[PDB]
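quick one: initial chain(s) of a complex, as found there:
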Amino acid sequence: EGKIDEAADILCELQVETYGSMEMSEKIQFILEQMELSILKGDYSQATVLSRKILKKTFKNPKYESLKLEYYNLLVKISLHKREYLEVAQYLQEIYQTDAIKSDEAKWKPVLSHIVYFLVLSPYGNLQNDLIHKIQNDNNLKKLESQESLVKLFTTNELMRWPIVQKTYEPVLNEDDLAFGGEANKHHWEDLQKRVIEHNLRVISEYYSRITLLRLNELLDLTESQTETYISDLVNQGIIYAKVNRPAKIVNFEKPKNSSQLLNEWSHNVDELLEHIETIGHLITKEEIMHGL
């Protein structure tokens, strides 16, 4: 009949007080559909509370075909209002081994391109390096090699070809069906651009010790006012730290002084004189063996 919000309010005011936790067969199936009605209604809080109940119960229960596949779709759909690509990347760790073992490679290939999309948009964390090697990675797939090289590109990426790579190949990014964010093109050129700046600026400190602010704007594709916005977020979140000189337009590394000179930097000189006497002393006999014969 065309009713959406009315159908959701009926089920939410009944099933909560209906089941007494007796029969878990039809109970779990309807809760998965109960959160779907909240998605069409637009309330993410109703589905968030229900997502913390049967998630731990299903984990202890054995795996099923139609039941386990519903959790993978709902956790992606609830990210519309959340707009956090880091949380969904952890939810897709289960489907990664599910479609590669229980299912075939037919449905595993599109899931492979989806799980790597949430990894590129991950702002930070050490789980990014663990998801590079994985298990089934290097499947000789066209969409996999493009996304896998993109993760390792962030080290050497100068953001010169960044708009060219996304325009030439756009499997998961500009043109996509599942896990497609933004109205059309606008959120794809924003969220993805904000992440690649964070990954690029992180290694600049490890490479450029002193860089001109005028040159820094060209590498990050920003301006004087836009550059100070992204670098201030990484320092506030505890990512990296650098020098920003507004009048002189000089961006340095600003090495920390907690080393206290002799107390730190000089302690690295032990292996300098440790490999001298110990090595040559071992090669005294070898010199007489080669020349003696």
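Now that the structure is in, tell me what you want to look at. Residues are numbered from 1 along each chain as shown, chains lettered A, B, ... in the order given.

quick one: the helices in the stretch 1-150 of chain A?
A:5-12, A:15-18, A:25-41, A:44-51, A:54-60, A:65-77, A:79-82, A:85-91, A:93-99, A:105-120, A:127-133, A:142-156 (DSSP state H, counting those that start in this stretch).

Buried residues of the first one, list them for me.
If I follow you right, that is helix A:5-12. A:8, A:11-12 (16 or more other Cβ atoms under 10 Å). In short, each C-beta sits where N, CA and C put it, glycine included.

would you turn the helices of the stretch 1-150 of chain A into a markdown table with distance to residue A:193?
Listed next are the helices of the stretch 1-150 of chain A as a markdown table, based on distance: least, Cβ to Cβ, whole Å:
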| stretch | distance to residue A:193 |
| --- | --- |
| helix A:5-12 | 36 |
| helix A:15-18 | 43 |
| helix A:25-41 | 28 |
| helix A:44-51 | 26 |
| helix A:54-60 | 34 |
| helix A:65-77 | 22 |
| helix A:79-82 | 19 |
| helix A:85-91 | 14 |
| helix A:93-99 | 26 |
| helix A:105-120 | 12 |
| helix A:127-133 | 18 |
| helix A:142-156 | 13 |
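
closest one to residue A:202 among the ones you listed?
Smallest distance to residue A:202 across the helices of the stretch 1-150 of chain A (Cβ to Cβ): 8.2 Å, for helix A:142-156.

List the buried residues of the closest one.
By neighbour count on 16+ other Cβ under 10 Å, the buried set for helix A:142-156 is A:143-144, A:146-148, A:150-151, A:153-154.

Only C-alpha atoms, please: export whichever helix or strand comes after that helix in CSV.
Sequence-wise, the next helix or strand downstream of helix A:142-156 (DSSP states H and E) is helix A:162-168. Listed next in CSV are the C-alpha coordinates belonging to helix A:162-168 (Å, rounded to 0.1, in the frame of the first residue of the first chain):
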residue,chain,number,x,y,z
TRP,A,162,45.9,11.0,-8.2
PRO,A,163,43.1,12.5,-10.3
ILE,A,164,44.3,10.6,-13.4
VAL,A,165,44.2,7.2,-11.8
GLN,A,166,40.7,7.6,-10.4
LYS,A,167,39.4,8.9,-13.7
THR,A,168,41.0,6.2,-15.9
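
ok, and what's touching helix A:162-168?
Contact with helix A:162-168 is made by A:150, A:173-174, A:192-193, A:196, A:221, as judged by Cβ atoms under 8 Å, 6 or more residues apart in numbering.

Save those residues as CSV, and put in distance to residue A:247 too.
Listed next are the contacts of helix A:162-168 as CSV, based on distance: Cβ to Cβ, whole Å:
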residue, distance to residue A:247
A:150, 37
A:173, 39
A:174, 40
A:192, 33
A:193, 28
A:196, 29
A:221, 24
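
okay, chain B goes in next:
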Amino acid sequence: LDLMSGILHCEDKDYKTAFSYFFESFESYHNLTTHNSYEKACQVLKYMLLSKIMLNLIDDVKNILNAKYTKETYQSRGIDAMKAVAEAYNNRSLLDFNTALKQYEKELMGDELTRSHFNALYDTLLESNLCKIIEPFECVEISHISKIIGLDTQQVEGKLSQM
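Next up, chain B placed on what we already have:
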């Protein structure tokens, strides 16, 4: 007695247990009918909103004004001033903090306990704005600092040097 005890928590902070004194008092003066006036009942409502802002809880401030059980239909110029301060703390800006200062100055600056916490909240939101400036590297032009703070050059240099 609960109101006077809560006043000692103004300078000594500790607003967690101080809310029980102002909450139980609001229901006490509401049942006095003729024995209590309208101004004395609105000041108690101002003390509850002022105590939660010092405790830095956004959701509890909105629950006092929106819910009719907590509000009991009491509103004035000074009561709405606490809503602007709560909105100024969410965005962390001094523009909305001084916006309600000029229009509500009659009731807002009339109470001494509110004016005593005015300079406290003035520096509270000012220090929070400095944490965004101080976190990155220093040696930035003062002219660009006043644009982030939102005050005059002489006012920003005067308050920053005080801390």
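
Please re-evaluate the buried residues of helix A:142-156 in the presence of chain B.
Across helix A:142-156, burial judged by 16 or more other Cβ atoms under 10 Å in any protein chain shown covers A:143-144, A:146-148, A:150-151, A:153-154.

can you count the residues close to residue A:38?
Per other Cβ atoms under 10 Å in any protein chain shown, the neighbour tally for residue A:38 reads 21.

Just list the residues touching residue A:19, thanks.
residue A:27 (Cβ atoms under 8 Å, 6 or more residues apart in numbering or on different chains).

any idea how far residue A:9 is from it?
18 Å (Cβ to Cβ, to the nearest Å).

Same check on residue A:240?
From residue A:240 across to residue A:9, the span is 48 Å (Cβ to Cβ).

what residues does the stretch 101-250 of chain A put near chain B?
A:228, A:231-232, A:235-236, A:241-247 (Cβ under 8 Å from any Cβ of the partner chain).

Quick check on the residue nearest to residue A:114 when sequence neighbours are not counted: phi, psi?
Closest residue to residue A:114 apart from its sequence neighbours, by Cβ to Cβ, 6 or more residues apart in numbering or on different chains: residue A:179 at 5.1 Å. Here is the backbone geometry of residue A:179 (degrees, to the nearest 10): phi 60, psi 50.

all helices for the stretch 151-293 of chain A, in order.
A:162-168, A:188-207, A:213-220, A:224-236, A:270-282, A:284-292.

could you give the angle of the fifth one to helix A:284-292?
This points to helix A:270-282. With axes from the mean of the first three to the mean of the last three Cα atoms, to 10 degrees defining the directions, helix A:270-282 sits at 40 degrees from helix A:284-292.

C-alpha coordinates for helix A:270-282, PDB please?
What follows is helix A:270-282 as a C-alpha-only set of coordinates in PDB (Å, rounded to 0.1, in the frame of the first residue of the first chain):
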ATOM      1  CA  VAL A 270      78.100   0.900  19.800                       C
ATOM      2  CA  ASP A 271      77.700  -1.100  16.700                       C
ATOM      3  CA  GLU A 272      80.100   1.200  14.900                       C
ATOM      4  CA  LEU A 273      83.100   0.000  16.900                       C
ATOM      5  CA  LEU A 274      81.600  -3.400  17.700                       C
ATOM      6  CA  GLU A 275      81.800  -4.600  14.100                       C
ATOM      7  CA  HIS A 276      85.500  -3.600  13.700                       C
ATOM      8  CA  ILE A 277      87.600  -5.700  16.100                       C
ATOM      9  CA  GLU A 278      85.100  -8.500  16.200                       C
ATOM     10  CA  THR A 279      84.900  -8.900  12.400                       C
ATOM     11  CA  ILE A 280      88.600  -8.400  11.400                       C
ATOM     12  CA  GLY A 281      89.600 -10.600  14.400                       C
ATOM     13  CA  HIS A 282      87.500 -13.400  12.800                       C
END
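
coming back round to it: ok, now how distant is the residue nearest to residue A:114 from residue A:226?
The value you get for residue A:179 to residue A:226, if Cβ to Cβ is used, is 28 Å.

Chain C follows; place it on the structure:
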Amino acid sequence: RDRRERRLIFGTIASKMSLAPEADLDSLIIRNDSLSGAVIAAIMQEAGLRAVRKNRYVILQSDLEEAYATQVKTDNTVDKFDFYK
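Below is chain C, added to the chains above:
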């Protein structure tokens, strides 16, 4: 303990307990007599234990007076016996 000093206990423990403002606790405060800090703690705990078998999360009015009769048992009367004052 007298009547007034108990509300600082029941009221404080209720902060960590989920209950509705419609609760009847304003009544039983008079019924409470000759208790301690350990006995009152078990009263609010029993309110949640009976809510599990009744399939209830938020403590209702039925989860208060019914759960109070359990831990309160010491002697038959315990309140001023029956007259003869």
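
Repeat for the buried residues of helix A:5-12, accounting for chain C.
Quick answer for helix A:5-12 (16+ other Cβ under 10 Å): A:8, A:11-12.

now what about it, what contacts it?
A:30, A:34, A:37-38, A:40-41, A:46.

Serialize the buried residues of helix A:5-12 to CSV and add fields for distance to residue B:47.
Formatted as CSV, the buried residues of helix A:5-12 follow (distance: Cβ to Cβ, whole Å):
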residue, distance to residue B:47
A:8, 41
A:11, 44
A:12, 38
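
With respect to chain B, which of the residues you listed is nearest?
Nearest to chain B, judged by Cβ to the nearest Cβ, of the buried residues of helix A:5-12 is residue A:12 at 22.2 Å.

Report all helices and strands that the helix or strand hosting residue B:81 contacts.
In this assignment (DSSP H and E), residue B:81 forms part of helix B:77-91. On a contact count with 3 or more Cβ pairs under 8 Å, 6 or more residues apart in numbering or on different chains; DSSP states H and E, helix B:77-91 meets helix B:38-55, helix B:58-66, helix B:95-103, helix B:105-108, helix B:112-134.

residues of the first one that come out buried?
In other words, helix B:38-55. The neighbour-count check on helix B:38-55 (16+ other Cβ under 10 Å) flags B:42-54 as buried.

before we move on, the earlier item: what residues of the helix holding residue B:81 count as buried?
Within helix B:77-91, the residues that count as buried by 16+ other Cβ under 10 Å are B:78-89.

any idea of the angle it forms with helix B:112-134?
Inter-element angle recorded for helix B:77-91 and helix B:112-134: 20 degrees (by the same axes, to 10 degrees).

what about whichever residue of chain A sits closest to chain C, neighbour count?
Chain C sits closest to residue A:20 of chain A, with a gap of 4.7 Å, by Cβ to the nearest Cβ. Residues lying near residue A:20 (other Cβ under 10 Å) number 10.

Check the one 4 residues further on too.
Counted with other Cβ under 10 Å, the burial measure for residue A:24 works out to 13 neighbours.

do the same with the one 3 residues further on
By other Cβ under 10 Å, the residues close to residue A:27 number 16.

Quick one: residues contacting it.
Residue A:27 sits next to A:19, A:21 when contact means Cβ under 8 Å, 6+ apart.

Please report how far it lies from residue A:67.
Taken as Cβ to Cβ, the span from residue A:27 to residue A:67 is 12 Å.

again with residue B:64
Remark: distance between residue B:64 and residue A:67 (Cβ to Cβ) = 44 Å.

okay, the two: which has more neighbours?
Remark: of residue B:64 and residue A:67, residue B:64 carries more neighbours, 20 against 16, as counted by other Cβ under 10 Å.

Surely that one and residue B:46 touch.
No - if you go by Cβ atoms under 8 Å, residue B:64 and residue B:46 don't touch, sitting 10.6 Å apart.
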